[PDB]
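A lone chain, given as structure tokens: the form solved without the named molecule.
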């Protein structure tokens, strides 16, 4: 009977008048928060004026031109080429086609294999699911399609053995070199990864990881792609997660965080090297020119402008981010069954564990996470479980009072969670 009635800021309300804290910002994407009535006006105006632009005209729709110009002001130097899509999933599928076409154009038609990671998520298309490494997605299908390979994820809690996180980062990155050499560098087109793995559980790699991944890609002349599905548009305090981790990808993909989810959209941001190679090839020219639904572009422009002009991204970096990260660690580090408390900017997580001292996970990874999640939900807090990882990505506009409000509810729920563990003898 429970229906959602409205949203404002970080809150949702139901038909019974109950306030719900959205600690996940819809699908990790409602970065400016709920209730942006100004976006509705942007959509209305664009649709009344010119919701279409026909290819009969050799020019680009002014709404799309304006969006691309704003994006160029906020994206790293050298990403003047943007190919618009309808979603993060389509962005990934397009990027796969682009990376393969680039090598064809270069006269290296064998260079077609993309390398991803286990527990990596890259959307839901046949191609994206194949690049992804989600156990259940490959489990129930014909995946992966040819020319896809996977390396283990940089999850220190599980795989670190006796290494420090920094030592482990180097070893985890070197799995890419090992895989490139196993396949043959001349068969490898790209490595693709989320700066922080989102759906996998907010797996935050060690500081040593991305620099070594980047060194390895450059050494073997393999393209480097960041999937900014979740880290894009201010989530880490930088505009894009790759900026936080300090690597410089050749292309990066974006999902509906581009519009804070208010209309469906995505994009592939294409760097100078690949853009020039594809422009010589010619078969993405239609897309580079005529991609982007004008009404969706108008909403995304309003959203990106708000992110910049209202100082929202800067505020994550300098203000609410450090506050959230400190408070997050203060709140959860004391629990007997919580470990690997982690996060940066406005994405954060922890893992529910059987025994901290032994780094021992619960068996049937996910059962305990579901149990904890159900408690959060009963208490009108949205934070999700990915296996036994608990994850949070609230709207970036969250105030310190709202941070503290959310944490107080979560803290109460964790106390309940541990009581239920003990009472069922699983502790």
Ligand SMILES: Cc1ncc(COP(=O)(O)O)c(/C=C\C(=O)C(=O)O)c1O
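For clarity, a rigid core is taken as the largest C-alpha set superposing within 1.5 Å between two forms. Residues that one form lacks are left out of the comparison. Residue numbers count along the first chain shown, from 1.
As for the form solved in complex with the named molecule, it is not shown, yet the points below apply to it.
In summary, the region of this chain contacting the named molecule in the deposited bound form, judged by heavy atoms within 4.5 Å and restricted to 194-202, 325-333, 345-353, 143-151, corresponds to 194-202. Proximity to the named molecule in the deposited bound form, taken as a non-hydrogen atom within 4.5 angstroms, holds for one residue of 133, 277, 123, 237, which is 123. The contact residue chosen from 298, 96, 229, 316 relative to the named molecule in the deposited bound form is 229, the criterion being a non-hydrogen atom within 4.5 angstroms. None of the heavy atoms of residue 389 is located within 4.5 Å of the named molecule in the deposited bound form. Residue contact check for residue 172: none of its heavy atoms lie within 4.5 Å of the named molecule in the deposited bound form. The named molecule is not drawn, but in the deposited bound form it has no heavy atom within 4.5 Å of residue 225. Residue contact with the named molecule in the deposited bound form: residue 384 places a heavy atom within 4.5 Å of it. Although the named molecule is not shown here, in the deposited bound form the stretch 396-427 places no heavy atom of any residue within 4.5 Å of it.
Among the residues 164, 333, 140, 285, the single one whose Cα moves by at least 2 Å between this form and the one not shown, once the core is superposed, is 140.
In sequence order, there is only one run of at least 3 consecutive residues whose Cα atoms each shift by 2 Å or more between this form and the one not shown, relative to the superposed core, and it is 139-141.
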